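Chemist: Once you've had a glance at the structure underneath, I'll fire off some questions.
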4 protein chains.
Amino acid sequence: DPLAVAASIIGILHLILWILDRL
Amino acid sequence: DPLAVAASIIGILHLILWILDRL
Amino acid sequence: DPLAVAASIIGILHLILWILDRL
Amino acid sequence: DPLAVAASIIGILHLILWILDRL
Ligand SMILES: CCCCCCCC/C=C\CCCCCCCC(=O)OC[C@H](O)CO
Ligand SMILES: CCCCCCCC/C=C\CCCCCCCC(=O)OC[C@H](O)CO
Ligand SMILES: CCCCCCCC/C=C\CCCCCCCC(=O)OC[C@H](O)CO
Ligand SMILES: N[C@H]1CCC2(CC1)[C@H]1C[C@@H]3C[C@@H](C[C@H]2C3)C1
Ligand SMILES: [Cl-]
């Protein structure tokens with residue numbers, strides 16, 4: 001499922017960027 | 001699955017909106 | 001899949017809670 | 001799907017970390 005693939009990549013990137021902004 | 005579909009859309013929108021708010 | 005189900009519910013909830021916190 | 005599983009775990013962790021940060 002392409003939608004699931006995109007959402008997974010987006011969530012992983014989202015958590016990383018949020019951690020980097022909090023740091 | 002409607003729940004997976006809605007959650008994927010919402011995660012994509014959540015990343016978009018969060019980034020725009022941080023900018 | 002209970003993990004996917006819980007993650008979908010939780011992602012919806014996370015967007016709700018973040019929008020309300022920023023507002 | 002390992003990608004979906006990793007992203008689900010990541011989403012649960014993200015809500016946990018974000019809630020702890022807001023509190
Ligand atoms: C093609 C995709 C390009 C993406 C758009 C690039 C534009 C960035 C503009 C100004 C940044 C200046 C602010 C310096 C960094 C602080 C904001 C921040 O930390 O955000 C990063 C994270 O993705 C969310 O917070
Ligand atoms: C599925 C279950 C969802 C349960 C949802 C829990 C609601 C939070 C409880 C009380 C808010 C306390 C009133 C103070 C208002 C600040 C908002 C707040 O602290 O909520 C936690 C989080 O930071 C986002 O708002
Ligand atoms: C899956 C494992 C995750 C491991 C958990 C690591 C927690 C380490 C926290 C601070 C050390 C670095 C200080 C960084 C300060 C940012 C604080 C932060 O991490 O935000 C979330 C936290 O629960 C509220 O702030
Ligand atoms: N925060 C979101 C919640 C929804 C999912 C992406 C991340 C998550 C992982 C996959 C399987 C379901 C639906 C999406 C794809 C649960
Ligand atoms: Cl935030």
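Letters A, B, ... go to the chains of the structure tokens in the order shown; residues in each chain start at 1; ligands are counted from 1 in the same order.
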Please find the residues of chain C near chain A - the criterion being any atom within 12 Å, counting only C-alpha atoms - and write them as JSON, numbers by chain.
Modeler: {"C": [4, 7, 8, 11, 14]}
